[PDB]
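S.K.: The data below comprise the sequence and an experimental structure of the protein.
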2 protein chains.
Amino acid sequence: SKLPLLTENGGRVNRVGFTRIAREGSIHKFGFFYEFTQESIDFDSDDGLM
Amino acid sequence: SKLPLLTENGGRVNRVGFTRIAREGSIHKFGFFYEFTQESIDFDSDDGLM
């Protein structure tokens, strides 16, 4: 039913068009930390805990 | 009655005059045409139709 067919004298019969689309992405930030004291390092039995 | 006679004395008698006429003509334009298609030539049984 939807085939493009011409005739003997054909003009302005079969017009077509085009389309484009877009994609996107984003970035985020992460992080974490820990704390300690001087006594914890100095008086601990295990050196090199750091 | 209207002959140009003179007398021995002469004088300002028997004066005449002249005239001219003008004629004219103009031009015009004509034309005609015809149309055809490609399949009318390609698929017709008789070559040399044009």
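M.R.: Yep, that arrived. Numbering: from 1, shown residues only, chains lettered A, B, ... in the order given.

S.K.: what residue is smack in the middle of chain A?
M.R.: Chain A has residue A:25 as the residue nearest its centroid, 3.5 Å off, counting by Cα atoms, centre = their mean.

S.K.: and the residue of chain A positioned farthest from its centre, what does it touch?
M.R.: Relative to the centre of chain A, the most outlying C-alpha is that of residue A:8, 52.6 Å out, by Cα atoms, centre = their mean. Residues in contact with residue A:8 (Cβ atoms under 8 Å, 6 or more residues apart in numbering or on different chains) are B:37, B:39, B:40. Where you see a C-beta, it was placed from the backbone N, CA and C, and this is true even at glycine.

S.K.: Can you tell me how far it is from residue B:36?
M.R.: According to Cβ to Cβ, to the nearest Å, residue A:8 stands 10 Å off from residue B:36.

S.K.: and if you look at residue A:31?
M.R.: Counting by Cβ to Cβ, the gap between residue A:31 and residue B:36 amounts to 80 Å.

S.K.: neighbour-wise, which of these two wins?
M.R.: Regarding residue A:31 and residue B:36, a neighbour count based on other Cβ atoms under 10 Å in any protein chain shown identifies residue B:36 as having more, with 10 against 4.

S.K.: so the residue nearest to the centre of chain A is in which element?
M.R.: Assigned by DSSP states H and E, residue A:25 falls within no helix or strand.

S.K.: Need the CA coordinates for stretch A:20-32. CSV is fine.
M.R.: Provided in CSV are the C-alpha atoms of stretch A:20-32 (Å, rounded to 0.1, in the frame of the first residue of the first chain):
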residue,chain,number,x,y,z
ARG,A,20,18.2,13.1,14.7
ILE,A,21,18.2,12.6,18.5
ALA,A,22,20.7,13.3,21.3
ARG,A,23,22.1,11.5,24.3
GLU,A,24,23.8,12.8,27.4
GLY,A,25,25.6,11.9,30.6
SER,A,26,26.9,13.5,33.8
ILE,A,27,29.6,13.1,36.5
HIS,A,28,29.4,13.1,40.3
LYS,A,29,31.7,13.3,43.3
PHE,A,30,32.4,10.7,46.0
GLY,A,31,34.7,10.5,49.0
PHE,A,32,35.3,9.4,52.6
